[PDB]
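Participant: Before anything else, here's the structure in question.
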Amino acid sequence: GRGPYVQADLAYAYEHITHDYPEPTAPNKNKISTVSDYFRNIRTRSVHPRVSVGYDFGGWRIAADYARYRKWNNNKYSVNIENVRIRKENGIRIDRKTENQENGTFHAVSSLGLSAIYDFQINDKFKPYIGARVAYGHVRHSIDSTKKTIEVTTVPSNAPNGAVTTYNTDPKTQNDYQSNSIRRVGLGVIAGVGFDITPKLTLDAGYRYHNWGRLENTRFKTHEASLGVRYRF
């Protein structure tokens, strides 16, 4: 046949705050005498499936990837609505001595994608499949204002010190941080198996793996693999 296509993918989101991570969002190790943690996982942003919507010709299709965007939702932070501390601090800080960790919104610019998939429809009850995913962003500014002149930038990083930069970025090895020709395009793979429940409804499971340099979102690793439902009208 042929017709409209929809896929909705769900996966378990682990919070990922108990292990080394190359972003300076939180400490790698040794969480004592440093800034207190946030509380903010009240399950509100993890319980709604991610969606890929498209059109399908015989199990051959192109679709567009939607849902689950940004780091934060609020544009007013005043009462501690979007981030609050999990407990008040005790003693004096020797680490993270300035204010609050997680300053501003950086690397959350990638926010849209397309996924292309081919079903191996040789069997009546199941389709093996292979396909490619592409991920990209939009800056959303889009402003009247002319560009700022100053754009030489080094930032703190929790990445291992391979070039001996002491927990900061190199002046030149800074692909995620550079003002012009920043890396924004991701490239991935969607491969797995679907099983037919009705000739319009498929239960579908497998990888939907994607690649990125630095992406910000508050540690969402959902969609690396998933279990989902997909319907073709």
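Convention: chains lettered A, B, ... in structure tokens order; per-chain residue numbering from 1; ligands numbered from 1 as shown.
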Quick one: residues within 12 Å of region 67-77 of chain A, only C-alpha atoms counted, chain neighbours fewer than 3 positions away excluded, as a PyMOL selection string?
Facilitator: chain A and resi 7-10+25+40-41+44-53+64+80-84+102-113+136-140+215-223
Participant: Please provide as a ChimeraX atom specification all residues within 12 Å of residue 35 (chain A), with the sequence filter that same-chain residues fewer than 5 positions apart are discarded (counting only C-alpha atoms).
Facilitator: /A:25-27,30,85-102
Participant: Between A:39, A:126, A:5, A:21, which one has atoms that come closest to residue 196 (chain A), using only C-alpha atoms?
Facilitator: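 Using only C-alpha atoms, residue 196 (chain A) sits closest to A:126.
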Participant: Go through A:114, A:43, A:169, A:63 one by one, measure the shortest atom-to-atom distance of each to residue 157 (chain A) using only C-alpha atoms, and give the residue with the smallest value.
Facilitator: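 Using only C-alpha atoms, the shortest distance to residue 157 (chain A) belongs to A:169.
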Participant: Kindly give the distance, in Å, that separates CA of residue 228 (chain A) and CA of residue 58 (chain A), rounded to a single decimal.
Facilitator: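 Taking CA of residue 228 (chain A) and CA of residue 58 (chain A), their separation equals 19.8 Å.
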Participant: Residue 206 (chain A): which residues within 9 Å, counting only C-alpha atoms, same-chain residues fewer than 5 positions away excluded, as a list in words?
Facilitator: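 These residues fall inside the cut-off: residues 190, 191, 192, 193, 194, 224, 225, 226, 227 and 228 of chain A.
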Participant: Go ahead and write the residues just picked, N, CA, C and O atoms, as a PDB file, in the first residue's frame.
Facilitator:
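That gives us selection38.pdb:
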```
ATOM      1  N   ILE A 190      18.735   3.946  12.306  1.00  0.00           N
ATOM      2  CA  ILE A 190      17.537   3.350  12.861  1.00  0.00           C
ATOM      3  C   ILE A 190      17.398   1.941  12.303  1.00  0.00           C
ATOM      4  O   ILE A 190      17.224   1.727  11.105  1.00  0.00           O
ATOM      5  N   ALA A 191      17.538   0.926  13.167  1.00  0.00           N
ATOM      6  CA  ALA A 191      17.601  -0.456  12.741  1.00  0.00           C
ATOM      7  C   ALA A 191      17.033  -1.326  13.849  1.00  0.00           C
ATOM      8  O   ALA A 191      17.254  -1.082  15.036  1.00  0.00           O
ATOM      9  N   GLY A 192      16.260  -2.356  13.465  1.00  0.00           N
ATOM     10  CA  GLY A 192      15.545  -3.152  14.440  1.00  0.00           C
ATOM     11  C   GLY A 192      14.591  -4.092  13.781  1.00  0.00           C
ATOM     12  O   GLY A 192      14.825  -4.589  12.685  1.00  0.00           O
ATOM     13  N   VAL A 193      13.471  -4.359  14.469  1.00  0.00           N
ATOM     14  CA  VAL A 193      12.418  -5.218  13.961  1.00  0.00           C
ATOM     15  C   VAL A 193      11.072  -4.689  14.414  1.00  0.00           C
ATOM     16  O   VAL A 193      10.908  -4.199  15.532  1.00  0.00           O
ATOM     17  N   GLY A 194      10.061  -4.735  13.523  1.00  0.00           N
ATOM     18  CA  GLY A 194       8.678  -4.482  13.885  1.00  0.00           C
ATOM     19  C   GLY A 194       7.866  -5.732  13.682  1.00  0.00           C
ATOM     20  O   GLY A 194       8.137  -6.497  12.768  1.00  0.00           O
ATOM     21  N   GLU A 224      18.335   6.501  21.994  1.00  0.00           N
ATOM     22  CA  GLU A 224      19.484   5.670  21.655  1.00  0.00           C
ATOM     23  C   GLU A 224      19.050   4.271  21.230  1.00  0.00           C
ATOM     24  O   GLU A 224      19.389   3.755  20.164  1.00  0.00           O
ATOM     25  N   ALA A 225      18.108   3.703  22.017  1.00  0.00           N
ATOM     26  CA  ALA A 225      17.229   2.634  21.626  1.00  0.00           C
ATOM     27  C   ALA A 225      15.879   2.932  22.268  1.00  0.00           C
ATOM     28  O   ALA A 225      15.777   3.723  23.205  1.00  0.00           O
ATOM     29  N   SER A 226      14.790   2.319  21.744  1.00  0.00           N
ATOM     30  CA  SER A 226      13.440   2.573  22.215  1.00  0.00           C
ATOM     31  C   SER A 226      12.545   1.401  21.912  1.00  0.00           C
ATOM     32  O   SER A 226      12.870   0.547  21.088  1.00  0.00           O
ATOM     33  N   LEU A 227      11.377   1.372  22.587  1.00  0.00           N
ATOM     34  CA  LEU A 227      10.243   0.532  22.238  1.00  0.00           C
ATOM     35  C   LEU A 227       9.120   1.487  21.896  1.00  0.00           C
ATOM     36  O   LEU A 227       8.841   2.442  22.639  1.00  0.00           O
ATOM     37  N   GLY A 228       8.479   1.298  20.730  1.00  0.00           N
ATOM     38  CA  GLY A 228       7.467   2.207  20.243  1.00  0.00           C
ATOM     39  C   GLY A 228       6.363   1.528  19.495  1.00  0.00           C
ATOM     40  O   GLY A 228       6.382   0.324  19.205  1.00  0.00           O
TER      41      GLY A 228
END
```
Participant: Pick out the closest residue to residue 56 (chain A) from this set: A:167, A:189, A:132, A:231. Count only C-alpha atoms.
Facilitator: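 When distances to residue 56 (chain A) are compared using only C-alpha atoms, the smallest one comes from A:231.
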Participant: Quick check, in Å to one decimal: how far apart do CA of residue 177 (chain A) and CA of residue 149 (chain A) lie?
Facilitator: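 Taking CA of residue 177 (chain A) and CA of residue 149 (chain A), their separation equals 15.8 Å.
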Participant: Give me, please, the distance in Å between CA of residue 1 (chain A) and CA of residue 135 (chain A), quoted to one decimal.
Facilitator: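 According to the coordinates, CA of residue 1 (chain A) and CA of residue 135 (chain A) are separated by 28.6 Å.
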